[PDB]
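Working notes, structure below.
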Amino acid sequence: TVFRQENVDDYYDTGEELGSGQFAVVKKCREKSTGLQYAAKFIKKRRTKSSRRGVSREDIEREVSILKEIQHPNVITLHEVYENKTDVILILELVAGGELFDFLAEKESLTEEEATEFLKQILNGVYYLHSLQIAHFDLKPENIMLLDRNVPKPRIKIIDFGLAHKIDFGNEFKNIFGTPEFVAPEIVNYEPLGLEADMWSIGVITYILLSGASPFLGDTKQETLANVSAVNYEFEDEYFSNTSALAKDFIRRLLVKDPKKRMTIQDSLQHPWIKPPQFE
Ligand SMILES: c1cc(-c2cnnc(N3CCN(c4ccncc4)CC3)c2)ccn1
């Protein structure tokens with residue numbers, strides 16, 4: 001599939017660079033014809049067929065196809081796609097309140113009520129994705145953005161679908177590996193992957209929201225990955241002594257090695273607490 005090949009600068013003016021990962025660049029921009037503001041994500045193309053740098057065309061096209069299908073308040077909207085010799089440029093909805101990662105760094109830890117206000121929105125977005133058989137495969141605080149960080153109950157959107165896949169045969173078995181602290185054991189073990197992997201990541205996120213600490217994090221990537229595979233975590237009393245038993249129950253039912261025994265997204269919404277790359 002080919003994208004718009006006019007110069008993006010003919011249609012948008014860019015401004016501030018926003019925070020991003022090592023591989024893409026994200027800039028605020030403004031569309032000349034409407035004055036509306038967006039975020040432009042520049043994905044570097046592969047320079048040759050057997051190259052390791054840049055993103056393969058197949059991978060870019062998968063991300064664009066998934067973005068085009070999704071429309072939900074808790075997921076980022078794709079507006080347009082441009083391309084040139086070096087980059088594919090996604091014009092995305094602007095989310096200006098920063099990363100949940102940076103919000104958490106300011107608060108240290110969240111109360112159970114504050115955590116559930118965020119978690120409900122994450123679960124609603126993941127329920128939409130899983131209903132479409134889309135696994136995100138990279139859920140973590142850096143991939144969740146706040147619309148406005150200055151309100152008492154900030155609203156959020158899931159971003160960056162660069163690892164997302166449609167799961168139409170129940171599982172995928174290929175080159176899929178996210179960030180070590182957040183990946184499920186089946187990722188660590190290079191096993192077939194399905195929607196269950198996202199549920200594990202939600203368990204990790206929930207643990208971090210309540211404690212400010214990462215449940216499997218070791219001093220090196222290999223230690224973290226070994227900890228994930230062994231389900232080596234505990235609810236440290238220093239962080240969790242005053243946390244409700246139901247919150248611990250929720251996490252415990254997500255941080256389960258066997259994907260078939262892990263809570264699904266539908267289970268998570270009915271749970272009584274809620275119901276109203278890899279190489280150093
Ligand atoms: C504003 C921004 C964005 C946007 C789009 N794509 N990726 C984005 N980042 C967010 C930061 N980031 C990391 C990852 C690792 N370490 C530090 C930061 C993860 C990816 C932001 C979209 C709309 N409005």
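Ligands are numbered from 1 in the order shown, chains are lettered A, B, ... in the order of the structure tokens, and residues start at 1 in each chain.
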Give me, as a PDB file with C-alpha atoms, in the first residue's frame, the set of residues whose atoms come within 8 Å of any atom of ligand 1, counting only C-alpha atoms and all ligand atoms.
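Output saved as result_8.pdb:
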```
ATOM      1  CA  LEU A  18       7.738  15.299  21.962  1.00  0.00           C
ATOM      2  CA  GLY A  19       9.040  12.387  23.991  1.00  0.00           C
ATOM      3  CA  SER A  20       9.362   9.128  22.080  1.00  0.00           C
ATOM      4  CA  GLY A  21      11.269   5.870  21.888  1.00  0.00           C
ATOM      5  CA  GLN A  22      14.705   5.424  20.369  1.00  0.00           C
ATOM      6  CA  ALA A  24      10.680   6.980  15.916  1.00  0.00           C
ATOM      7  CA  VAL A  25      10.517  10.774  16.200  1.00  0.00           C
ATOM      8  CA  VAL A  26       7.313  12.529  17.253  1.00  0.00           C
ATOM      9  CA  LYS A  27       6.667  16.236  16.656  1.00  0.00           C
ATOM     10  CA  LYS A  28       3.770  18.528  17.363  1.00  0.00           C
ATOM     11  CA  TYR A  38      -1.696  16.863  15.508  1.00  0.00           C
ATOM     12  CA  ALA A  39       1.311  14.760  16.413  1.00  0.00           C
ATOM     13  CA  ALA A  40       3.486  13.650  13.499  1.00  0.00           C
ATOM     14  CA  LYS A  41       5.264  10.328  14.040  1.00  0.00           C
ATOM     15  CA  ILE A  76      -5.210   7.282  19.463  1.00  0.00           C
ATOM     16  CA  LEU A  92      -1.962  11.253  14.695  1.00  0.00           C
ATOM     17  CA  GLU A  93      -4.350  12.835  17.122  1.00  0.00           C
ATOM     18  CA  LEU A  94      -2.375  15.077  19.522  1.00  0.00           C
ATOM     19  CA  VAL A  95      -2.395  13.860  23.158  1.00  0.00           C
ATOM     20  CA  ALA A  96      -0.829  16.777  25.070  1.00  0.00           C
ATOM     21  CA  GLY A  98       2.272  13.586  28.603  1.00  0.00           C
ATOM     22  CA  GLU A  99       2.972   9.949  29.371  1.00  0.00           C
ATOM     23  CA  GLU A 142       5.153   5.018  28.354  1.00  0.00           C
ATOM     24  CA  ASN A 143       2.563   3.914  25.760  1.00  0.00           C
ATOM     25  CA  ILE A 144      -0.339   5.494  27.653  1.00  0.00           C
ATOM     26  CA  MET A 145      -0.791   9.237  27.282  1.00  0.00           C
ATOM     27  CA  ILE A 159      -0.600   4.909  21.771  1.00  0.00           C
ATOM     28  CA  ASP A 160       2.005   3.214  19.608  1.00  0.00           C
TER      29      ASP A 160
END
```
Write out as an NGL selection string which residues come within 6 Å of range 263-270 of chain A when counting only C-alpha atoms, dropping same-chain ones fewer than 2 positions away. :A and (127 or 253-254 or 274-275)
Which of range 167-265 of chain A fall in helix (DSSP H, G or I), as a VMD selection string: chain A and resid 180 to 182 185 to 188 196 to 211 221 to 230 237 to 240 245 to 254 259 to 261 265
Hey, what does DSSP flag as strand (DSSP E) within range 101-244 of chain A? Can you give it to me as a list in words?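 Residues of range 101-244 of chain A classed as strand (DSSP E): residues 134, 135, 144, 145, 146, 156, 157, 158, 165 and 166 of chain A.
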Residues near residue 205 in chain A, cut-off 9 Å, only C-alpha atoms, skip fewer than 5 positions along chain, as a ChimeraX atom specification: /A:119,139-141,182,200,210,214
